[PDB]
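For reference, the chain that follows is the form deposited in one PDB entry, supplied as structure tokens.
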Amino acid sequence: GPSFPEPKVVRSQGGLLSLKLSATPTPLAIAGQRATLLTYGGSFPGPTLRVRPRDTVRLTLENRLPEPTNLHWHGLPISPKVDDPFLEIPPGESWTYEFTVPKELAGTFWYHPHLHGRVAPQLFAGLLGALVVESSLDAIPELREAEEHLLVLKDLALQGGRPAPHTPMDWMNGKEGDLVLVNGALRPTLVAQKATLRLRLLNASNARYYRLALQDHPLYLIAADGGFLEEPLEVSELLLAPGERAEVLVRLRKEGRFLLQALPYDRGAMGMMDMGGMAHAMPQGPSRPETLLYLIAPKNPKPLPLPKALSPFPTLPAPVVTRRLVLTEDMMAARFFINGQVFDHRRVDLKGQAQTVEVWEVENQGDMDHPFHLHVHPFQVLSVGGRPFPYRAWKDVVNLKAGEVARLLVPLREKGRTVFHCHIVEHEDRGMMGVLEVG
């Protein structure tokens, strides 16, 4: 129908989003070919859930997979008793997630499986969808009058009409696929009807990075992972690591066709080489450039003025502890560590106090990029690689290139046991995850 494919939207009704969603192997048409994927709601991506603060969400997940699964409400600062990373929904069983959307929340979030050891294959097979929290700021004219679209960035590889299996190298690097899709479509065309576009961006890939650039145009960052910036930030490109989100304004400057591209980016993935007594790992180097979509500008584009301001970032109490988390790798074993340990669901690694603020220094001592994710407690990135972060906004995933230190301001919110881990999900399944208990 519409030239631009976008997941179906389910909205709350009278302050309640009540929905039954089954995770099921589903025959689909994807990228001009028939394939059986694992989907929520029979679609890839799963449906977009659009809610408002203080809405009630009642989501019954029926597991029709041959293996156990669960849901992670990625980015939502709700209770880890609801967003429970240790829950197992057995095959054939159902579980109902009921939570209230926090009052002070806005932006693009998402849901996907989080059963340790099975995350990478289930996510890669198509189990993912977006959750949008619409705010009163969406009513200001500079945003309301913009044309809005969600872009779910997720790649795929097919073998015999099914998701390609994980190889040993996939477990080491994180699996990337040759089909680089937007909303499950291969290089769709967006024929813009307005000159200002508001694009909600989601990197739902296992491991692929998206070094985003729109031909002949800057991007205006207005929101990060878990909330608005304080004011629009002009960027020439925008890197989205696995699990990250962003919202940008695009102000179309002239008529024409403009490529939105994932420019070449070296995240440190490795190959293997044998050159006579060698048999050692070699960098894959940068990814080849990918076209994500074709953007057709309307006739005589006159974009709206940018919003002068978005949302003030909260003033946070002085922190009461500093934590250091060091990431390391054993590439040939495909094992990944935090402070020298692999995940153990029985072991509590960190113990913090709710409503206190902590400083987290996360240090990448590996040679690969590692996008560090913390559940339940959104954070403020202060600096990465010794460079001050140029905006204030809630994030829940922060990318660390090799050698870099990120300093995060972490306010602890809901009490309970939750996790932190690399969002190259193969690395999480292979041990790069730890346990935080908030009391």
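Only residues modelled in both forms are compared. We number the residues from 1 along the sequence you see. Only the largest set of C-alpha atoms that superpose within 1.5 Å between the two forms is called the rigid core.
Of the two segments, 378-386 and 26-34, the one listed with the higher mean B-factor is 26-34 (C-alpha atoms only). The stretch with the higher mean CA B factor, choosing between 219-227 and 92-100, is 92-100. Considering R335, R118, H72, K302 together, the PDB entry gives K302 the largest C-alpha B factor.
Out of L150, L143, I78, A281, it is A281 whose C-alpha atom has the highest B-factor in the PDB entry. Ranked by C-alpha B-factor against the other modelled residues of its chain, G1 falls in the highest third.
The entry lists a Cα temperature factor for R407 that places it in the middle third of the chain's modelled residues. In the deposited entry, the Cα temperature factor of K415 places it in the lowest third of its chain's modelled residues. In the deposited entry, the Cα temperature factor of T189 sits in the bottom third of values across the chain's modelled residues. For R162, the recorded CA temperature factor ranks within the highest third of the chain's modelled residues.
Below, we turn to the form deposited in another entry, even though it does not appear here.
Residue showing a CA shift of 2 Å or more between this form and the one not shown (rigid core superposed; candidates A157, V342, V321, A281): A281. Expansion of the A281-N206 CA spacing by 3 Å or more is recorded in that other deposited form, set against this form.
Panel note: the distance between the CA atoms of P286 and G276 is smaller in that other deposited form than in this form, the difference being 3 Å or more. After fitting on the rigid core, stretches of 3+ residues whose CA atoms all move by 2 angstroms or more between this form and the one not shown lie at 1-3, 274-282.
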